[PDB]
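K.L.:
Here come the first chain(s), positioned as in the complex:
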Amino acid sequence: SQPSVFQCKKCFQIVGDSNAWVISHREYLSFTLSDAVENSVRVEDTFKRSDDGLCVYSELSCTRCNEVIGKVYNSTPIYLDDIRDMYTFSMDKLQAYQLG
C-alpha cells in the first residue's frame, strides 16, 4: 500500500526506504536495498566470508551507534548477483516505519 522507512533499532537513525528495495531472504532474515543514506552507514575494511564459505562481504555499521546492522556482498556466485554491491540488512537490527 504505502512505503516504509528503516532505522537502526538502537539509535533510530534512518538508513533508507522501501523505494530502493531489491529482494529479501527469510532464510537469512535479511533484506536488500540498492541505495542508502551515505552518512548514516559505513562499510567496514575487512573482507569476511559467509558461513558456507562461498561469499565475501564487508560489515555495515550505523554511523551513530556503531552496531553492525548489515553486510555488503562483494563476491558472489551467479545466483546471488542481485545482492552483490547492494546494501543487505539484517531484519533483527532494524525497525520499519510505514507511512499510513
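P.N.:
Perfect, thanks for sending it. Residues are numbered from 1 along each chain as shown, chains lettered A, B, ... in the order given.
K.L.:
Let me know the secondary structure of the residue nearest the centre of chain A.
P.N.:
Nearest residue to the geometric centre of chain A (Cα atoms, centre = their mean): residue A:89, 2.3 Å. Three-state call for residue A:89 (DSSP: H, G, I helix; E, B strand; the rest coil): strand.
K.L.:
hey, what's it bridged with?
P.N.:
residue A:31, residue A:70 (DSSP bridges).
K.L.:
buried residues in stretch A:86-100?
P.N.:
The neighbour-count check on stretch A:86-100 (16 or more other Cβ atoms under 10 Å) flags A:86-91, A:93-94 as buried. No exception for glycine: its C-beta is placed from N, CA and C like everyone else's.
K.L.:
tell me the contacts of residue A:50?
P.N.:
A:56-57 (Cβ atoms under 8 Å, 6 or more residues apart in numbering).
K.L.:
include chain B as well:
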Amino acid sequence: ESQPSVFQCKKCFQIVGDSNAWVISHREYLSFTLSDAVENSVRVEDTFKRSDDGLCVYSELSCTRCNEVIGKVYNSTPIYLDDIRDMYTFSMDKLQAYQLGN
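P.N.:
Let me add chain B to what's already shown:
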C-alpha cells in the same frame, strides 16, 4: 518531487510523523502542522500558555523519548487559526526531515 518526507526529533531520531498527515505550515513561525502523529511519540504537557501576541492558547509538545520540547497543540484559537486547533504543530528547529528516494 512528489515523494513523501518523514519527521524525527533532532535529538533522539524518534519518528513523530510524516507528510501524509500534513495540514499547513508557517514560515514566520518556522513551524509546520500535522493532523496526526505516531501514537506514543509525543506528550502534551498540562500547562496552558499564550502566544506572544496574547491571541491563542497552546500546550507544549514533548518527545516521549528525549523529553525535548518540539512543538505545541493550540487548544484555543480565533477563527482564522481553526486549522491549527487540536492539531500537532511542530517546531522546524527541533525536527528533521527525511525525503524518501524514487
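K.L.:
and the buried residues of stretch A:86-100, now that chain B is in?
P.N.:
Under the neighbour-count criterion of 16 or more other Cβ atoms under 10 Å in any protein chain shown, stretch A:86-100 has A:86-91, A:93-94, A:97, A:99 buried.
K.L.:
I would like the residues contacting it, please.
P.N.:
For stretch A:86-100, contacts defined as Cβ atoms under 8 Å, 6 or more residues apart in numbering or on different chains pick out A:2-9, A:12, A:15-16, A:22, A:29-36, A:41, A:57, A:60, A:67-73, B:4, B:6, B:15, B:18-20, B:38.
K.L.:
List only those of those residues flagged as buried.
P.N.:
A:3-9, A:12, A:15-16, A:30-33, A:36, A:41, A:57, A:60, A:67, A:69-73, B:4, B:6, B:15, B:18-19, B:38.
K.L.:
Most proximal residue of chain A with respect to chain B?
P.N.:
Per Cβ to the nearest Cβ, residue A:12 is where chain A lies closest to chain B, at 3.8 Å.
K.L.:
Could I have the CA atoms of stretch A:2-18 written out in CSV?
P.N.:
Listed in CSV are the C-alpha atoms of stretch A:2-18, where the atom choice follows Å, rounded to 0.1, in the frame of the first residue of the first chain:
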residue,chain,number,x,y,z
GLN,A,2,2.2,2.7,1.5
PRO,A,3,6.0,2.7,1.7
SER,A,4,8.3,2.3,4.7
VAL,A,5,11.4,3.9,6.1
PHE,A,6,14.0,1.8,8.0
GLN,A,7,16.0,2.7,11.2
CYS,A,8,18.7,1.1,13.5
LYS,A,9,16.6,-0.3,16.4
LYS,A,10,19.2,1.2,18.8
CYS,A,11,19.5,4.9,17.9
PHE,A,12,16.7,5.2,15.3
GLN,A,13,18.9,6.6,12.5
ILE,A,14,17.2,6.2,9.2
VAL,A,15,19.3,4.1,6.8
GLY,A,16,16.9,4.2,3.8
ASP,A,17,13.5,3.1,2.5
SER,A,18,11.2,0.8,0.5
